[PDB]
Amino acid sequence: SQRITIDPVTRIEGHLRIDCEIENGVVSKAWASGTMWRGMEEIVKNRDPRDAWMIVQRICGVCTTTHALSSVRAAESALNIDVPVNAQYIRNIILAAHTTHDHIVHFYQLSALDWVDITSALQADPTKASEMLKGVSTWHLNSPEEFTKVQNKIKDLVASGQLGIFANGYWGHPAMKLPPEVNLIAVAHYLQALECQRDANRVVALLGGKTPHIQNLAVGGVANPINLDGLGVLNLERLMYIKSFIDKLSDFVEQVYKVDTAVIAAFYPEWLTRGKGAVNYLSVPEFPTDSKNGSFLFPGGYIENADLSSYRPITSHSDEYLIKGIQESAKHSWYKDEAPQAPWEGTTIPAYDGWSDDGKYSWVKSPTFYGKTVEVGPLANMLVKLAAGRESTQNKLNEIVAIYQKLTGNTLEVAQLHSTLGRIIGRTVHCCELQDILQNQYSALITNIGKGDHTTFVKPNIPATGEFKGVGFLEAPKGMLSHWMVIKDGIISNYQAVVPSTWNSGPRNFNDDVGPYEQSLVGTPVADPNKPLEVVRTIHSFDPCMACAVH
């Protein structure tokens, strides 16, 4: 057996260490470790419930917006507040546009350099590269002339001898399978992606007041003042400007990101057969559209032992079965209290004692659902929507499979989605379906304002005595998020965040069972143990966020 350490894992958010035991060039056992803690649950304690969202938003700036929205939903749950419909439309537009930026950047800026060899791109013929995409995409920026300009920018960076963040990369590795032409196409799309994500964030900015870290929320609704005839407020001119950026996102998403997802699968088909992290999956419904915090545009649910046919739907953020099942343990984490804890009764008492293979090895806690390990995120979200019979999701997956079938002659079955590439496909399907969420909610807001409803905010009252509890659910870019608030004598007496990367990255649990990252790595081939690219490929497919996982 050999032992390796990967520290730091780069092209993620935050601070992660991965250790592996390797037997005869195959991973036999793995450890995931979050190596940085802040204590954000303790920082927010003993404050007014109204203040929490501005503080806990700073759990993460990659998944900005998400902890802000979960925190106001948690306070509204505790206080029994129904959010105005206009405030829901505005919250929904921000979450959908933010998630579009987040997925694009993950596929291109964070993940592509696991699969793409920039030096190989220098050998490409730009005309042959453009001809490969004929009848496969209708994108307007796949010409030989575009690809030549990109190739020349690579040539100039290499000729300078200053490769910087493109240095000491995995150029020529035996696991790099793309021809030179496909490597050049991918670099061109990497650069083009940066323009599309910028337009998604211009949507977010116009409603949030800036991004990163929006500033338009409140316990009770939003701070945007709706008045079509007002100077200096959210009027028709401002709404038209928002729409101009919404309309700029679809072509890149559909004609570049969707297509590249199918192409990567066509060249790497063994990655349909490895990287399974779990047999149970959870997602929450998202994008409420009624006056009572419900009527979601996207469905949620729980799948057990990979059986889509007998899954359990979740249609409410007040679902008592969902609420009662969630616990976290610190047996193998650096905290004092080890037995599983419901989050309203949670503690976060630091107890660092260094690394032990069989003891404590991470700042991440270990979440369970009625005692089981569960994967969250885009693979869970896609599987639940297929289990629900959602035609939009079926049809989108089928468009990816059709391009894969044109290139390989083969189809994809659902069994092949429980894998590293299935996880990537689920994230692309999500990004595509979010473009119609944007159109739908922009139209709903225009229509509602036209009926005379300009309402945005319900002012809270917070009893000065008594002890009461709330929970705010949200389907974040990395999966199901929950914030858990206890109020006593008008101030926060307990605050616990259970975050999607906590579910996926957490260490061995109270029963010593293995969570998704650690389980996904068993069986990984490693051609060169000094350069374990294959391990990083599977870990990146989960889109790790360690500021989120640990907080």
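Note that residue numbering follows the sequence shown and begins at 1.
Per the PDB record, of the two stretches 118-126 and 195-203, 118-126 carries the greater mean B-factor over its C-alpha atoms. When the C-alpha B-factors of 372-380 and 347-355 are averaged, 347-355 comes out higher. Sorting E328, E286, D156, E76 by the CA temperature factor given in the entry leaves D156 at the top. When the Cα B-factors of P477, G452, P367, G472 are read from the PDB record, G452 comes out highest. In the deposited entry, the Cα temperature factor of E13 sits in the bottom third of values across the chain's modelled residues. Sorting the modelled residues of the chain by their CA temperature factor places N293 in the middle third. In the deposited entry, the Cα temperature factor of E23 sits in the top third of values across the chain's modelled residues. Placement of the Cα temperature factor of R537 within the chain: middle third of the modelled residues, per the deposited record. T502: CA B factor lies in the lowest third for its chain, per the PDB record.
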